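Following: one structure in structure tokens, then a few remarks.
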Amino acid sequence: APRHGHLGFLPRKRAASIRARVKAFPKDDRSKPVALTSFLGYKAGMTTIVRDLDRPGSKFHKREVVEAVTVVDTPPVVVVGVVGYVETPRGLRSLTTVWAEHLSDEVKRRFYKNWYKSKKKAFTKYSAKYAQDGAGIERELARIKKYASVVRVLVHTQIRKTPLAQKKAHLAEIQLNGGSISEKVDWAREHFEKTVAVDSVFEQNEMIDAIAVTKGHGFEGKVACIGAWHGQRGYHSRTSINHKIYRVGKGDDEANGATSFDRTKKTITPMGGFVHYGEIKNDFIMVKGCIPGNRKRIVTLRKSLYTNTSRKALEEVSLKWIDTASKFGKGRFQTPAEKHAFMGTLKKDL
Amino acid sequence: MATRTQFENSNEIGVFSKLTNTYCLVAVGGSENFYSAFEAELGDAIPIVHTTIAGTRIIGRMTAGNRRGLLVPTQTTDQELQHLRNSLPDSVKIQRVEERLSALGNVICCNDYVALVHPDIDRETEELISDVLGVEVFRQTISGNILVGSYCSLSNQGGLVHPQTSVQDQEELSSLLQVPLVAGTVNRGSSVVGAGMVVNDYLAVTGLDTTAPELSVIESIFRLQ
Amino acid sequence: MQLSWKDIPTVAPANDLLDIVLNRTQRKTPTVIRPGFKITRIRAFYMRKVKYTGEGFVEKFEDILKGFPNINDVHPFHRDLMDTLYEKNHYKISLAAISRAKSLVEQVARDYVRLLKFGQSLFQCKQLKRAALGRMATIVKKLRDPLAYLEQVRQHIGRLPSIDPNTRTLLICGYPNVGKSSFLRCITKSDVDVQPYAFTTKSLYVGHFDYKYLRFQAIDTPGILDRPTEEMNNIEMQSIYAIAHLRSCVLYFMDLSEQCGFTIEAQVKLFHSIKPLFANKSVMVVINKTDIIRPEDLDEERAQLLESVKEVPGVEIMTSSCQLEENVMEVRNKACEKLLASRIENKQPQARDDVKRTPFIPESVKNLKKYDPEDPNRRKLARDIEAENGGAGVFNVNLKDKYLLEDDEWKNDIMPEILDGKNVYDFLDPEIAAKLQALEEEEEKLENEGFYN
Amino acid sequence: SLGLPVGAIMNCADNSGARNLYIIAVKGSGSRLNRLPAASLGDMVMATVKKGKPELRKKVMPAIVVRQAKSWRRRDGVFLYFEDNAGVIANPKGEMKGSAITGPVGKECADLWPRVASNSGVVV
Amino acid sequence: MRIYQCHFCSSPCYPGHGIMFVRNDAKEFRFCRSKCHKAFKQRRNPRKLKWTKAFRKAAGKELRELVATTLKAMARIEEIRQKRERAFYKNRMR
RNA sequence: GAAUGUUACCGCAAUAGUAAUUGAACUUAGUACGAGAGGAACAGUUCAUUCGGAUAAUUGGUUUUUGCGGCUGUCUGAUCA
RNA sequence: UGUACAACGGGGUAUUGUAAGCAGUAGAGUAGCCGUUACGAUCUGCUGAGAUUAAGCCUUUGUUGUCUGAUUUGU
Ligand SMILES: [Mg+2]
Ligand SMILES: [Zn+2]
């Protein structure tokens with residue numbers, strides 16, 4: 001009979017870092033343009049979407065169905081550097097790293113720990129080398145062109161722009177899908193300090209996989225028949241695959257929550273706000289199902305590492321309405337207008 | 001006109017469809033084999049509306065109607081009602097009858113001139129059905145069967161009833177309906193003749209289980225030829 | 001059971017069956033036992049192995065016995081057919097021998113199990129088990145010939161025909177090479193060799209055809225030679241038994257031509273001597289190969305023999321041929337009519353003063369053209385579109401946008417169905433201004449009524 | 001959410017009339033260590049007639065559940081349930097013995113059993 | 001949509017929220033949340049509950065072309081009803 | 001917790017473990033095979049039991065909000081809080 | 001020494017159910033005279049009010065207070 005879990009997931013010691021490191025990246029298709037392999041963000045909360053589907057041969061074909069969906073915060077991102085790797089018998093080794101020298105205070109805080117007590121002796125000294133006519137970054141580009149057949153770009157999250165006010169941002173590597181590494185490095189150099197749009201990397205109905213750290217539960221350490229004669233739960237990296245993206249959330253403008261059917265002008269911000277989270281005011285991605293971890297936990301979005309031709313991925317969504325009632329209790333209305341209509345005027349109104 | 005036809009693997013043709021003299025309903029599920037099978041005999045004379053009722057594939061029994069109109073249960077969703085209104089002919093009317101009973105096809109059976117209703121159906125629903133269909137309404141039961149539509153089948157031509165009906169009951173039903181009546185059987189003696197198949201004044205459809213004598217009896221009573 | 005008992009498990013020969021049983025016993029039981037093990041455990045293991053082997057043998061024998069058709073009392077016709085095919089006495093004796101062998105195996109297993117529980121030394125238990133296995137093998141060894149014969153008859157019994165004499169049937173019979181096999185092939189949708197020799201259809205092939213909305217089965221048989229009822233072959237004995245037991249008249253064929261080189265006097269004498277088989281069948285006679293003889297142009301002496309055939313009550317002489325099968329329709333019609341007569345002899349609207357109606361078949365259906373599926377020039381039958389689209393697996397049904405409305409733009413317009421308030425369907429009606437024209441007056445008369453100042 | 005567990009004394013739902021039935025067995029049950037079968041709405045199960053017609057007593061027949069009475073999450077987000085557990089009796093092919101039904105029937109059971117749907121008037 | 005209003009409280013019941021319950025009476029019971037469901041299950045008439053809408057109404061508390069044309073109706077009716085409710089509340093204070 | 005002169009970030013992997021499992025509704029099918037009885041799977045979709053990774057919007061129990069309003073009796077002299 | 005931080009109250013959103021008291025003295029009845037007078041359950045307006053105001057939900061260019069205190073490491 002089965003056992004108390006999967007032996008491949010044991011031992012289950014605590015994760016070495018809150019941020020889930022990417023184990024692998026999708027194969028580099030040279031014929032495709034210079035796109036982005038993955039993205040990083042913080043998940044806000046859960047919501048319910050009611051929609052119909054075009055699924056011929058299914059019992060619920062042409063019938064409206066409600067499925068669990070989640071909203072992940074993903075504000076605009078700016079590239080901070082580029083990293084190249086060379087294949088070796090010991091594996092892929094980092095050749096050299098480059099920086100634009102135009103690093104925001106967020107990455108400086110991330111690098112340091114006691115920023116308030118820190119003297120703020122940032123990269124300025126090294127930047128002074130770059131703050132010239134050049135020929136240094138040109139040398140780095142030449143080195144990464146002659147070698148480093150695989151290039152990974154470095155980006156940092158706009159933690160300051162996140163609804164949950166914070167000063168320290170996360171940093172992680174992201175690969176490219178473009179042609180020969182010449183185009184990759186040229187695009188990376190041109191895109192230094194340039195804003196990155198989430199919608200440019202994903203699209204509706206796209207199948208994606210994500211990695212995150214599950215909720216911790218503290219110490220979790222009876223039958224006296226275990227050994228023959230002849231202690232932690234949660235707070236570990238976990239992966240999930242085959243997640244359908246229903247719609248790209250352009251949360252910097254109204255009408256994102258309402259669909260073409262309901263057109264109930266409002267934002268996806270649940271009444272009162274997300275539990276233990278702020279108020280979304282920037283770009284976000286809508287993905288069905290659920291992702292490990294809790295609110296404010298960093299998550300990574302990847303396109304499954306491979307292309308899928310199954311009809312499930314091909315099928316397109318027909319969102320009719322998105323639920324945004326107050327999750328802080330037994331919510332009954334989507335916007336204050338509905339609550340006022342139901343209850344009418346109140347003492348506070350006069 | 002009488003051509004053998006089958007569902008995916010079910011002989012209950014009338015459960016998933018309800019043929020009428022001016023329109024036909026078919027479940028959206030399955031495949032177009034049923035749709036094409038009905039089109040072959042029906043050609044393109046009238047629209048064949050692929051539609052669901054309350055999300056179920058039993059639309060044939062849930063709904064009932066005649067040439068002058070179609071009736072649907074209150075359980076039908078707004079989208080389904082809108083689709084039916086925009087797909088059915090202008091002459092056919094639809095309404096959200098607010099009555100306790102749901103299965104119009106099983107609880108009610110009617111033709112272009114005569115309609116049988118449950119003895120306990122509300123007066124308002126009876127009047128609405130009479131106005132919509134342009135037919136007379138009579139309170140009757142087939143040998144004590146509460147589900148008149150589940151056993152009785154009636155068109156402008158002769159009608160068919162399940163074999164358990166007594167001779168006196170058959171004669172009384174024929175006299176009231178003013179149509180020829182024979183206590184035939186379908187689908188190898190199945191008693192669901194009123195709901196397991198569909199038929200009208202020109203077209204008769206039934207499961208493959210219908211033996212050749214049953215097909216001959218159906219043709220003779222309905223006089224398709 | 002009845003109707004093609006082929007489901008018998010086609011037992012392997014005695015040697016193969018014994019090898020299979022021994023392999024199963026070895027594989028499904030433990031093998032590694034040592035002297036140091038407790039005597040009780042070793043004895044229990046040996047007893048378990050012996051019991052498993054005995055139970056396997058008993059189950060095999062019981063399944064073999066049960067699978068057989070139970071010839072006794074099954075049916076007189078089937079019983080006689082089986083007796084002719086497999087010499088009933090031998091088959092019964094073989095089954096009795098198998099039952100006796102099973103009983104002996106049971107007794108031996110019980111005796112060895114009883115004795116095995118007393119041996120002290122491991123060697124004693126091993127020797128007792130070996131003796132039990134040898135006894136079982138010796139019992140099985142003598143069963144080789146009955147098992148092989150039963151396997152052969154099963155190989156033959158499985159493919160035997162399956163018909164119920166109690167049902168309505170009409171058969172074809174006559175001299176061999178009269179064209180009877182061709183008549184059987186033509187009359188019913190059955191494939192049988194039509195080679196021109198006197199034993200074409202050695203086996204009693206069964207044909208099925210439908211008439212008057214009822215299924216009518218038929219059988220075939222080469223017939224009977226002179227056969228004075230003392231010297232008959234198995235094939236002819238089967239035909240005689242079938243004719244005796246079977247239901248309503250079997251068609252008697254006669255080749256009135258040069259072929260079938262027996263004088264027509266012999267053909268007449270055959271049916272005259274077989275007359276006792278005509279107790280209540282109301283036999284019918286059909287002349288075959290009429291095309292190349294035209295019995296009308298027959299000698300008076302020969303015609304007298306044909307006339308004598310008509311003398312016996314309840315007979316008819318119908319013309320039939322193989323090159324042209326037009327007569328087969330009339331032959332089958334007459335046979336079915338006689339069969340129905342034999343099977344039978346064994347035993348409103350009310351014009352309620354008010355209803356007026358006409359057949360309401362729509363003019364469209366009345367004037368629309370008949371559909372033809374095989375003709376390439378036909379309607380789309382969007383099932384074909386689905387088939388070319390990849391079937392229902394990927395065919396996205398799109399009957400939407402193809403419904404009757406006022407304008408062609410409404411086909412693609414997405415109905416909102418929601419406007420931040422309860423659905424408009426509750427109040428969705430044409431000319432909405434009826435609920436807006438008076439709203440201005442209502443607002444004016446509510447504002448100027450002193451209720452706000 | 002599965003319905004009643006094994007042995008539940010469910011009430012009859014046919015027109016013939018029976019006091020109750022005992023679910024001795026289930027078909028397509030999720031056989032698992034420590035997980036007993038639980039017949040859900042619309043599932044055909046073999047339930048003995050604990051009490052009812054004298055001839056029907058002391059024999060097992062395939063019982064088709066028409067009511068669940070428990071909270072189950074349909075694909076529709078509404079967590080609907082029913083007054084009490086009830087189920088009709090029919091042969092393995094769904095041929096209901098009775099000529100009518102008692103009480104309402106759900107869409108989930110009606111869809112899987114066309115005969116039951118034809119045998120019921122108050123659907124949903 | 002066909003969103004149903006709770007027959008007890010008259011409040012809207014959005015899809016996925018509340019519970020819809022039916023009995024052998026073939027009547028659909030709709031509740032926006034557990035409180036009203038249990039209140040109805042206890043035979044408590046809504047007129048006995050102050051918060052429910054029915055008591056407020058009884059006691060005098062608060063008394064393509066087609067879609068394009070009806071767009072205006074919803075806002076106008078909502079504003080008129082809100083104004084009427086506010087006026088009623090003004091005289092409610094005494 | 002000594003690693004590696006100090007600190008923090010990014011990563012590669014030498015190495016240890018490894019998982020999914022089984023069934024069914026259709027399509028092809030009442031076609032090949034079938035005198036009849038009966039009757040497929042090769043492709044694609046769609047569902048289902050157990051188990052593995054996660055939760056937390058919907059649903060049941062578990063309630064230390066002492067949170068709301070109230071009920072039985074006692075107390076600051078019944079009632080104030 | 002800056003959207004700096006924590007608290008304050010509000011707003012938004014939810015839990016529950018109409019708060020202490022006042023008055024229309026409206027008022028089932030208790031006690032005096034022999035229908036009436038005093039007390040007054042209860043309803044009604046302040047008041048879908050009050051409280052919780054997640055102790056573990058979001059905001060606060062508005063108010064208050066602080067932006068200081070120790071220690072270790074060298075190619
Ligand atoms: Mg021959
Ligand atoms: Zn409610």
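Ordering of the structure tokens sets the chain letters (A, B, ...), residue numbers begin anew at 1 in every chain, and ligands are numbered from 1 in the order given.
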
inquiry  = So that I can see what lies close to residue 38 of chain A, please list as JSON, numbers by chain the residues with an atom at most 10 Å from it, counting only C-alpha atoms (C1' of nucleotides) and leaving out residues fewer than 5 positions away in the same chain.
reply    = {"A": [22, 25, 26, 173, 174, 175, 176, 198, 201, 202, 208, 209, 210, 300, 301, 302, 303, 304, 305]}

message = Give me, as number ranges by chain, all polymer residues having an atom no more than 9 Å from residue 114 of chain D, counting only C-alpha atoms (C1' of nucleotides) and skipping those fewer than 6 positions away in the same chain.
response = B: 10, 12, 15-16, 58, 196; D: 94

Convert the current residue selection to file output with N, CA and C atoms, as a compact mmCIF listing (two decimals), in the first residue's frame.
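The resulting file, selection.txt, is reproduced below:
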# COMPACT_ATOMS: atom_id res chain seq x y z
N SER B 10 -27.89 5.07 -27.06
CA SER B 10 -29.17 5.05 -26.37
C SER B 10 -30.30 5.04 -27.40
N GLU B 12 -33.36 5.91 -26.59
CA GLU B 12 -34.34 6.91 -26.17
C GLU B 12 -34.12 8.18 -27.00
N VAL B 15 -35.81 11.45 -25.60
CA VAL B 15 -35.27 12.07 -24.39
C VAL B 15 -34.36 13.23 -24.76
N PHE B 16 -33.50 13.05 -25.75
CA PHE B 16 -32.55 14.07 -26.17
C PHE B 16 -33.07 14.95 -27.30
N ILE B 58 -31.68 16.45 -21.62
CA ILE B 58 -33.00 15.82 -21.68
C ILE B 58 -34.02 16.84 -22.16
N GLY B 196 -39.39 7.76 -25.49
CA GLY B 196 -38.22 7.17 -26.11
C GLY B 196 -38.12 7.36 -27.61
N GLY D 94 -31.37 0.05 -16.17
CA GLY D 94 -32.15 1.22 -15.81
C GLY D 94 -33.64 1.10 -16.03

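The neighbours of residue 74 of chain E here are the residues that come within 12 Å of it, using only C-alpha atoms (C1' of nucleotides) and leaving out any residue fewer than 3 positions away in the same chain; they are residues 418, 419, 420, 421, 422, 423, 424, 426, 427, 428, 432, 435, 436 and 439 of chain C; 67, 68, 69, 70, 71, 77, 78, 79, 80 and 81 of chain E.
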
Please produce an output containing N, CA and C atoms for each residue in the selection, written as an mmCIF file, in the first residue's frame.
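Resulting contents of out.cif:
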data_model
loop_
_atom_site.group_PDB
_atom_site.id
_atom_site.type_symbol
_atom_site.label_atom_id
_atom_site.label_comp_id
_atom_site.auth_asym_id
_atom_site.auth_seq_id
_atom_site.Cartn_x
_atom_site.Cartn_y
_atom_site.Cartn_z
ATOM 1 N N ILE C 418 -25.744 41.857 -18.510
ATOM 2 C CA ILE C 418 -25.519 42.479 -17.209
ATOM 3 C C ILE C 418 -25.053 43.909 -17.450
ATOM 4 N N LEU C 419 -25.556 44.838 -16.631
ATOM 5 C CA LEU C 419 -25.227 46.253 -16.769
ATOM 6 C C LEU C 419 -24.968 46.899 -15.413
ATOM 7 N N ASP C 420 -24.361 46.164 -14.485
ATOM 8 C CA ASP C 420 -24.105 46.550 -13.104
ATOM 9 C C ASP C 420 -25.374 46.468 -12.261
ATOM 10 N N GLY C 421 -26.534 46.185 -12.860
ATOM 11 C CA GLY C 421 -27.763 45.983 -12.131
ATOM 12 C C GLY C 421 -28.397 44.660 -12.531
ATOM 13 N N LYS C 422 -29.480 44.313 -11.835
ATOM 14 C CA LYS C 422 -30.198 43.086 -12.147
ATOM 15 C C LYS C 422 -30.503 43.020 -13.638
ATOM 16 N N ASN C 423 -30.526 41.797 -14.166
ATOM 17 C CA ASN C 423 -30.611 41.591 -15.606
ATOM 18 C C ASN C 423 -31.766 42.377 -16.209
ATOM 19 N N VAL C 424 -31.535 42.906 -17.413
ATOM 20 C CA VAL C 424 -32.558 43.683 -18.101
ATOM 21 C C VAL C 424 -33.720 42.808 -18.548
ATOM 22 N N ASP C 426 -35.702 41.111 -16.940
ATOM 23 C CA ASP C 426 -36.868 41.372 -16.103
ATOM 24 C C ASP C 426 -37.688 42.536 -16.642
ATOM 25 N N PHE C 427 -37.038 43.496 -17.304
ATOM 26 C CA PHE C 427 -37.721 44.652 -17.874
ATOM 27 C C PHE C 427 -37.347 44.895 -19.332
ATOM 28 N N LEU C 428 -36.646 43.962 -19.974
ATOM 29 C CA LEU C 428 -36.245 44.134 -21.368
ATOM 30 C C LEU C 428 -37.481 44.091 -22.258
ATOM 31 N N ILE C 432 -38.282 51.439 -24.673
ATOM 32 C CA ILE C 432 -37.990 51.677 -23.267
ATOM 33 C C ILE C 432 -38.403 53.069 -22.813
ATOM 34 N N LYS C 435 -40.910 53.911 -19.931
ATOM 35 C CA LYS C 435 -40.496 53.976 -18.535
ATOM 36 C C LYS C 435 -39.493 55.098 -18.286
ATOM 37 N N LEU C 436 -39.394 56.057 -19.207
ATOM 38 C CA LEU C 436 -38.471 57.176 -19.057
ATOM 39 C C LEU C 436 -39.200 58.505 -19.207
ATOM 40 N N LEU C 439 -40.605 59.561 -15.925
ATOM 41 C CA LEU C 439 -39.632 59.677 -14.845
ATOM 42 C C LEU C 439 -39.239 61.130 -14.608
ATOM 43 N N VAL E 67 -30.503 47.278 -26.148
ATOM 44 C CA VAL E 67 -29.538 47.445 -25.065
ATOM 45 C C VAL E 67 -29.075 48.895 -24.988
ATOM 46 N N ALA E 68 -28.796 49.505 -26.142
ATOM 47 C CA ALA E 68 -28.341 50.891 -26.157
ATOM 48 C C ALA E 68 -29.395 51.830 -25.590
ATOM 49 N N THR E 69 -30.673 51.560 -25.858
ATOM 50 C CA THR E 69 -31.736 52.410 -25.334
ATOM 51 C C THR E 69 -31.968 52.165 -23.848
ATOM 52 N N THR E 70 -31.827 50.916 -23.399
ATOM 53 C CA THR E 70 -32.035 50.584 -21.995
ATOM 54 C C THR E 70 -30.854 50.965 -21.112
ATOM 55 N N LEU E 71 -29.693 51.274 -21.698
ATOM 56 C CA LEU E 71 -28.561 51.714 -20.885
ATOM 57 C C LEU E 71 -28.956 52.855 -19.954
ATOM 58 N N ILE E 77 -33.550 54.901 -13.030
ATOM 59 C CA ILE E 77 -34.392 54.240 -12.037
ATOM 60 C C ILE E 77 -33.656 54.123 -10.708
ATOM 61 N N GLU E 78 -32.365 53.778 -10.749
ATOM 62 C CA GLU E 78 -31.603 53.672 -9.510
ATOM 63 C C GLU E 78 -31.556 55.008 -8.781
ATOM 64 N N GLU E 79 -31.295 56.095 -9.512
ATOM 65 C CA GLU E 79 -31.229 57.409 -8.884
ATOM 66 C C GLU E 79 -32.583 57.818 -8.317
ATOM 67 N N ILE E 80 -33.663 57.552 -9.055
ATOM 68 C CA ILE E 80 -34.992 57.922 -8.573
ATOM 69 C C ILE E 80 -35.335 57.143 -7.310
ATOM 70 N N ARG E 81 -35.042 55.841 -7.297
ATOM 71 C CA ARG E 81 -35.328 55.035 -6.116
ATOM 72 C C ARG E 81 -34.487 55.485 -4.928
#

At most 6 Å from ligand 1 (only C-alpha atoms (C1' of nucleotides) and all ligand atoms): residue list as a count of residues only = 10

inquiry  = Among segment 210-302 of chain A, which residues does DSSP mark as strand (DSSP E or B) when it is run on the backbone? Keep the chain and numbering as in the structure and answer as a PyMOL selection string.
reply    = chain A and resi 210-213+219+232+237-249+284-288+298-302

I need the residues from that last selection saved to file as a short mmCIF file (atom, residue, chain, number, x, y, z; two decimals), in the first residue's frame (with N, CA, C and O atoms), if you can.
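Result went into part_29.cif, see below:
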data_model
loop_
_atom_site.label_atom_id
_atom_site.label_comp_id
_atom_site.auth_asym_id
_atom_site.auth_seq_id
_atom_site.Cartn_x
_atom_site.Cartn_y
_atom_site.Cartn_z
N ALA A 210 4.56 27.29 -12.41
CA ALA A 210 5.05 28.21 -11.39
C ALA A 210 5.68 27.43 -10.25
O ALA A 210 5.39 26.25 -10.02
N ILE A 211 6.57 28.11 -9.53
CA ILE A 211 7.26 27.56 -8.36
C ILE A 211 7.15 28.56 -7.23
O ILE A 211 7.23 29.77 -7.44
N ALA A 212 6.96 28.05 -6.01
CA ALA A 212 6.81 28.91 -4.84
C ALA A 212 7.10 28.08 -3.60
O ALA A 212 7.38 26.88 -3.68
N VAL A 213 7.04 28.73 -2.44
CA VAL A 213 7.28 28.10 -1.15
C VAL A 213 5.96 28.00 -0.41
O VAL A 213 5.27 29.01 -0.21
N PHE A 219 7.20 23.35 13.84
CA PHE A 219 7.62 21.99 14.15
C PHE A 219 6.45 21.03 14.01
O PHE A 219 5.36 21.28 14.54
N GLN A 232 9.25 18.35 9.87
CA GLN A 232 8.83 19.68 9.46
C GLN A 232 7.79 19.55 8.36
O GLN A 232 7.87 18.65 7.51
N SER A 237 10.14 24.43 -1.19
CA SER A 237 9.92 24.76 -2.60
C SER A 237 9.06 23.69 -3.26
O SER A 237 9.31 22.49 -3.10
N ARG A 238 8.05 24.12 -4.00
CA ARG A 238 7.15 23.22 -4.70
C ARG A 238 6.86 23.76 -6.09
O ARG A 238 6.86 24.97 -6.32
N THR A 239 6.62 22.84 -7.03
CA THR A 239 6.38 23.18 -8.42
C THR A 239 5.01 22.69 -8.85
O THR A 239 4.54 21.63 -8.42
N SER A 240 4.37 23.46 -9.72
CA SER A 240 3.09 23.10 -10.31
C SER A 240 3.10 23.50 -11.78
O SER A 240 3.70 24.51 -12.16
N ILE A 241 2.43 22.69 -12.61
CA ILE A 241 2.48 22.84 -14.06
C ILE A 241 1.06 22.84 -14.61
O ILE A 241 0.09 22.54 -13.90
N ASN A 242 0.95 23.18 -15.89
CA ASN A 242 -0.32 23.15 -16.62
C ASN A 242 -1.35 24.07 -15.96
O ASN A 242 -2.40 23.63 -15.48
N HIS A 243 -1.03 25.36 -15.95
CA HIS A 243 -1.93 26.40 -15.46
C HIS A 243 -2.34 27.28 -16.64
O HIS A 243 -1.48 27.81 -17.35
N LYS A 244 -3.64 27.44 -16.84
CA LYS A 244 -4.17 28.22 -17.95
C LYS A 244 -4.34 29.67 -17.53
O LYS A 244 -4.93 29.96 -16.48
N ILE A 245 -3.83 30.58 -18.35
CA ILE A 245 -3.99 32.01 -18.13
C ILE A 245 -5.29 32.44 -18.79
O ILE A 245 -5.48 32.25 -20.00
N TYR A 246 -6.20 33.02 -18.00
CA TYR A 246 -7.51 33.42 -18.51
C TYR A 246 -7.49 34.81 -19.14
O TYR A 246 -8.11 35.03 -20.18
N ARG A 247 -6.79 35.76 -18.52
CA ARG A 247 -6.72 37.12 -19.05
C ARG A 247 -5.51 37.82 -18.45
O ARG A 247 -5.14 37.57 -17.30
N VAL A 248 -4.91 38.71 -19.24
CA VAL A 248 -3.80 39.53 -18.76
C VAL A 248 -4.38 40.75 -18.07
O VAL A 248 -5.14 41.52 -18.67
N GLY A 249 -4.01 40.94 -16.80
CA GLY A 249 -4.57 42.02 -16.02
C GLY A 249 -3.83 43.33 -16.17
O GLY A 249 -2.76 43.53 -15.58
N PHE A 284 -1.20 42.85 -13.57
CA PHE A 284 -1.32 41.57 -12.90
C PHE A 284 -1.73 40.52 -13.92
O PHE A 284 -2.16 40.84 -15.03
N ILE A 285 -1.58 39.25 -13.53
CA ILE A 285 -1.88 38.12 -14.40
C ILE A 285 -2.94 37.26 -13.71
O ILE A 285 -2.82 36.96 -12.52
N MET A 286 -3.96 36.87 -14.47
CA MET A 286 -5.02 36.00 -13.98
C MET A 286 -4.74 34.58 -14.44
O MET A 286 -4.63 34.32 -15.64
N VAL A 287 -4.62 33.66 -13.48
CA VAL A 287 -4.30 32.26 -13.76
C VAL A 287 -5.26 31.38 -12.97
O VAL A 287 -5.55 31.66 -11.79
N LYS A 288 -5.76 30.33 -13.61
CA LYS A 288 -6.69 29.43 -12.95
C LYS A 288 -5.95 28.54 -11.95
O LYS A 288 -4.72 28.47 -11.92
N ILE A 298 6.70 35.67 -2.87
CA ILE A 298 7.19 35.78 -4.24
C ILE A 298 6.91 34.49 -4.99
O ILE A 298 7.08 33.39 -4.46
N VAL A 299 6.48 34.62 -6.25
CA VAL A 299 6.19 33.49 -7.11
C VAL A 299 6.86 33.73 -8.46
O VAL A 299 7.18 34.86 -8.83
N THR A 300 7.07 32.64 -9.19
CA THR A 300 7.69 32.68 -10.51
C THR A 300 6.75 32.05 -11.53
O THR A 300 6.11 31.03 -11.26
N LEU A 301 6.66 32.67 -12.71
CA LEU A 301 5.81 32.20 -13.79
C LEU A 301 6.68 31.76 -14.96
O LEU A 301 7.53 32.52 -15.43
N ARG A 302 6.46 30.53 -15.43
CA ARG A 302 7.22 29.96 -16.53
C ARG A 302 6.25 29.26 -17.48
O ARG A 302 5.19 28.79 -17.06
#

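With the cut-off set to 8 Å and only C-alpha atoms (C1' of nucleotides) and all ligand atoms counted, the residues surrounding ligand 2 are residues 5, 6, 7, 8, 9, 10, 11, 12, 13, 30, 31, 32, 33, 35, 36, 37 and 52 of chain E.
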
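For chain D, the residues having at least one atom no farther than 10 Å from chain B, when counting only C-alpha atoms, are residues 15, 95, 99, 100, 101, 104, 107, 108, 110, 111, 112, 113, 114, 115, 117, 118, 119, 120, 121, 122, 123 and 124 of chain D.
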
message = Residues of chain F were defined as contacting chain A if any atom lay at most 7 Å from it, counting only C-alpha atoms (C1' of nucleotides); please report them as a count of residues only.
response = 14

Within 8 Å of chain F, which residues of chain B come that close, and what is the closest atom pair and distance in Å for each? Count only C-alpha atoms (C1' of nucleotides) and give it as a Markdown table.
| residue | atom | partner | partner_atom | distance |
| --- | --- | --- | --- | --- |
| B:8 | CA | F:26 | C1' | 6.8 |
| B:30 | CA | F:26 | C1' | 6.8 |
| B:31 | CA | F:27 | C1' | 7.9 |
